[PDB]
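I have placed the structure first, in the form of structure tokens, so that the comments after it can refer back to it.
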Amino acid sequence: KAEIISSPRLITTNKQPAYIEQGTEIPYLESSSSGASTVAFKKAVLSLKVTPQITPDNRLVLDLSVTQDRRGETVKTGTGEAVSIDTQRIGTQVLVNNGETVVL
Amino acid sequence: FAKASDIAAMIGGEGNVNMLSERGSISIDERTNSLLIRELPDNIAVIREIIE
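As structure tokens, then:
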């Protein structure tokens, strides 16, 4: 048996974008522009990203992104190796009353 | 109940042929979700009725 719970929170100003994160940044070998390599960072974080909007009849319209990623196994690429990522993601727009919960 | 940026893009927009305007203009105020319009006091009433 197993059971896991995680809950991030934020406070922000109406119509204003906010985020909160916790995780790791994986260095990947190369990013390509016109000619050469800007090696970059992929994210594996538990994150919340939100933009809210308050309406007259005691309600909110939320633009929502919620993710929970982790670092996975190291697979084989060409003559080399690299790190894979395990993900869970949901992105939506919903409409919810002032102080109650909905399941997304 | 709606984003002001979408409504400003629908009422005005690219070029004057599409715009429902003659020699005014919409602007957006994102902080308070509002439009700021400058036009003939006769077109203001029809625009107001439609976007209401």
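Chains as they are written, first to last, in the deposited numbering: chain A, 417 to 520; chain L, 261 to 312. Heads up, the beta-carbon is just placed ideally off N, CA and C, and yes, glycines get one too.
Pick from the options that is closest to residue i, judged by C-alpha positions
{"i": "A/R487", "options": "A/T493, A/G494, A/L480, A/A498", "result": "A/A498"}
{"i": "A/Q504", "options": "A/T467, A/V461, A/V477, A/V519", "result": "A/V461"}
{"i": "L/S265", "options": "L/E312, L/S287, L/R298", "result": "L/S287"}
{"i": "A/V466", "options": "A/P472, A/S450, A/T440, A/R425", "result": "A/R425"}
{"i": "L/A269", "options": "L/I297, L/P301, L/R291", "result": "L/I297"}
{"i": "L/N303", "options": "L/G272, L/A262, L/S281", "result": "L/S281"}
C-alpha gap between residue i and residue j, whole angstroms
{"i": "A/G496", "j": "A/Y444", "result": "12 Å"}
{"i": "A/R475", "j": "A/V512", "result": "6 Å"}
{"i": "A/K492", "j": "A/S500", "result": "10 Å"}
{"i": "A/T508", "j": "A/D479", "result": "6 Å"}
{"i": "A/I506", "j": "A/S481", "result": "6 Å"}
{"i": "A/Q469", "j": "L/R291", "result": "10 Å"}
{"i": "A/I420", "j": "A/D502", "result": "16 Å"}
{"i": "L/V277", "j": "A/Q432", "result": "33 Å"}
{"i": "L/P301", "j": "L/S294", "result": "18 Å"}
{"i": "L/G275", "j": "L/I310", "result": "21 Å"}
Assigned secondary structure, residue i (DSSP; H/G/I helix, E/B strand, else coil)
{"i": "L/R308", "result": "helix"}
{"i": "A/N513", "result": "strand"}
{"i": "L/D266", "result": "helix"}
{"i": "L/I286", "result": "strand"}
{"i": "A/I421", "result": "coil"}
Supposed contact pair residue j and residue i - C-beta distance, whole angstroms, cut 8 Å
{"i": "A/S463", "j": "A/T490", "result": "23 Å between Cβ atoms; not a contact."}
{"i": "A/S447", "j": "A/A456", "result": "4 Å"}
Strand pairing of residue i, partner residues [DSSP]
{"i": "A/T429", "result": "In DSSP, A/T429 forms no bridge with anything."}
{"i": "A/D502", "result": "A/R486"}
{"i": "L/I271", "result": "None; L/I271 has no bridge partner."}
{"i": "A/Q469", "result": "A/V477"}
{"i": "A/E441", "result": "A/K459"}
{"i": "A/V491", "result": "A/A498"}
Residue i beta carbon near the ligand MG (any heavy atom closer than 7 Å)
{"i": "L/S265", "result": "As presented, the structure is devoid of all ligands, the ligand MG included, so that no description of it is given."}
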